[PDB]
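Below is one structure, written out as structure tokens; the observations come after it.
Order of the sequence lines sets the chain letters (A, B, ...), proteins ahead of strands, with each chain counted from 1. We use all heavy atoms of the structure for the numbers below, so side chains are in, but hydrogens, waters and symmetry mates are not.
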Amino acid sequence: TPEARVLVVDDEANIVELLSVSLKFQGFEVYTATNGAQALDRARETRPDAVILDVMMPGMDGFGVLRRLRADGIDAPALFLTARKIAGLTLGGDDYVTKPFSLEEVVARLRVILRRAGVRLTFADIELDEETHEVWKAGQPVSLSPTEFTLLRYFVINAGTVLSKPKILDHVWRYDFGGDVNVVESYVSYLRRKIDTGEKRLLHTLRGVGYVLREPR
Amino acid sequence: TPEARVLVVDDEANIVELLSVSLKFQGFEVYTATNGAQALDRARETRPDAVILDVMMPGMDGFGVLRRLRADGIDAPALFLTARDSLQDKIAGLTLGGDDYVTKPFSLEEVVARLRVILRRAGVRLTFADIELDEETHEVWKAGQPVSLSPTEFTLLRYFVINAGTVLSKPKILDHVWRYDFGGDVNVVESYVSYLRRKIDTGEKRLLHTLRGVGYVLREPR
DNA sequence: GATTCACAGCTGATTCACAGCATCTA
DNA sequence: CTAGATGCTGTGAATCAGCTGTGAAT
Ligand SMILES: [Ca+2]
Ligand SMILES: [Ca+2]
Ligand SMILES: [Ca+2]
């Protein structure tokens, strides 16, 4: 059975399939629309658990549509896709992500709005607060940058899975990022000197394959 | 069980929705209307505990709508949404009792607070650590001694106290504390947090924290 | 004066590229 | 054995996030 029913609405088909492929892979049941009519129809046809909405769409905007769905009885929270004005995106049970986004941030925020509508991350001695973005190593606090935290959360969620540098970059970095994978090497080096300082090495290198967060064998 | 039954009357659909969503999320049972006839119909069927009326409306203004409700024997207290430039004298004389007003554009935090007061007055001190606030008088105490706050500094502080221990991003604060039509920079929140820290965060133990790239949180250091 | 808030200087954090060194393996 | 491939990390530049002082306007 799926994690949730998600309606993805954006006038850009490339943003729509990028989200639908990632979320379909993460266990979600995904329906799409590239306009307000299609959106209203699909939402009435499938009654989703949450809606991902491009804020800037030709003709009918999401706000008009949300008002109609909620007046029917569909109280599904919205995760707005906004450009980098439009305000009110954090009212009720809704939240938003700015374009260009990363796959990790869209799923993370989507999961928050769903949990909020209807619990710290740990691996060995690493503790993550998804709310505050606070980190601890052996009960001691460690300060991490936004990128360092997203990367650690990716590894923790995917503990014991070998993750290649191109895969990490496609999930952790924004989809408009134009550089190579040495940025991943740099951020693994920072993570190591901040949260892999204990007797046992937890973040491992497998040459030409990837990185893996696992307890030493 | 709902906090109260509220009837929201305004001619603009998205003002009604802005109000509806916020009050529903706060634990209120919200009924709506876009005119005086629907308003009287909803009031007869739902029997609201408070009514929120837009003053400037076509056909029949908010004052007209209230007069019709009261003529029907619906004595629920009212909260008027007034225009800044007009009916100044009429609003002063019509709010001497149980009814109150907020000027449009309003802050969602101020509407809700003013609704809780008219509901309370019709049949009271917020606290966090050594900070005390009177929701009715707008007085603030920091470790038993008074502190003078502006209207914006007061709405900001109450938002933090009510939501103590919860991380609040600058856009979330702007959406709730600032006037809904605010088209400015998040720096305004940075400014008012600096105003608050200078007055209420003055001891060895920090209460109002910054989590870089996340937001602000009011909590004891632990 | 009180107030709101725009704006800009400042600071330290953050992102990221780049290169030279280390280690691995063909 | 060596030599290229692959990975690590110090240096530095550019940008950014958040804090605060000044001042315009009401
Ligand atoms: Ca668009
Ligand atoms: Ca990519
Ligand atoms: Ca009106």
In whole Å, what is the span from the CG atom of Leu156(B) to the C1' atom of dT3(C)? 15 Å

Calculate the interatomic distance between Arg201(A) atom CZ and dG7(D) atom P; express it in whole Å. 13 Å

Should we say atom CZ of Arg125(B) is surrounded by more than 12 heavy atoms from elsewhere, each under 6.0 Å from it? yes

Between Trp173(A) and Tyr187(A), is there a side-chain heavy-atom distance shorter than 4.5 Å? yes

Is there a side-chain contact between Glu12(B) and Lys104(B), using heavy atoms and a 4.5 Å cut-off? yes

Contact nearer the 5' end of DNA chain C, comparing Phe177(A) with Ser191(B): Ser191(B)

Distance check needed: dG7(D) P versus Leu206(A) CG, whole Å only. 10 Å

N/O (side chain, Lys165(A)) to phosphate O (OP1/OP2, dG7(D)) under 4.0 Å: yes

Starting at atom NZ of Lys194(A), determine the distance to atom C1' of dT15(C), rounded to an integer number of angstrom. 12 Å

Nearest whole Å is fine: how far is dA17(D) P from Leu144(A) CG? 18 Å

Quick check on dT9(D): is either OP1 or OP2 less than 4.0 Å from any side-chain nitrogen or oxygen of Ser189(A)? yes

Determine the interplanar angle of the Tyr216(B) and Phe160(B) rings, folded into 0 to 90°, and report it as parallel if under 30°, tilted if 30 to 60°, perpendicular if over 60°. perpendicular

Rounded to the nearest Å, what distance is computed from the CD atom of residue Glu185(A) to the P atom of nucleotide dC8(D)? 6 Å

Pairs satisfying ring-ring contact (aromatic ring centres under 6.0 Å, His included), at least one member in residues 95-121 of chain A, at least two apart: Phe101(A)-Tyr175(A)

Under 4.5 Å between any side-chain heavy atoms of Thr210(B) and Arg197(B), yes or no? yes

For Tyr187(A) and for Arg207(A), locate the closest nucleotide of DNA chain C by heavy-atom distance; then report the residue assigned to the nucleotide nearer the 5' terminus. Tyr187(A)

Let me know the distance between CZ of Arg174(A) and P of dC16(C), rounded to the nearest Å. 8 Å

Record whether the side chain of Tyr195(B) comes under 3.5 Å of the base of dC19(D) through a donor-acceptor pair of N or O atoms. no

On the side chain of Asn182(A), is there an atom forming a donor-acceptor pair with the base of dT9(D) - under 3.5 Å, no angle test? yes

Length of the line joining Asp185(B):CG and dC19(D):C1', which is rounded to integer Å: 13 Å

Are OP1 or OP2 of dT15(C) and a side-chain N or O of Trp173(A) less than 4.0 angstrom apart? no

Can you check whether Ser145(A) has a side-chain N or O nearer than 4.0 Å to OP1 or OP2 of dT15(C)? yes

So what is the 5' to 3' dot-bracket string for DNA chain C, if pairs are Watson-Crick or G-U wobble with both distances under 3.5 Å, crossing pairs use [ ] and | means the partner sits on another strand? .|||||||||||||||||||||||||

Under 4.0 Å: is that the gap between some side-chain N or O of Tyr216(B) and OP1 or OP2 of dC19(D)? yes

Could you check whether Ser107(B) and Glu109(B), counting side-chain N and O atoms only, form a donor-acceptor pair closer than 3.5 Å? no

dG10(D) phosphate, OP1 or OP2, under 4.0 Å from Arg193(A) side-chain N/O: yes

Please determine whether a side-chain nitrogen or oxygen atom of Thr205(A) lies at a distance below 4.0 Å from atom OP1 or OP2 of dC8(D). yes

In terms of heavy-atom contacts, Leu79(A) and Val97(A) come closest through CD2-CG2, 3.9 Å

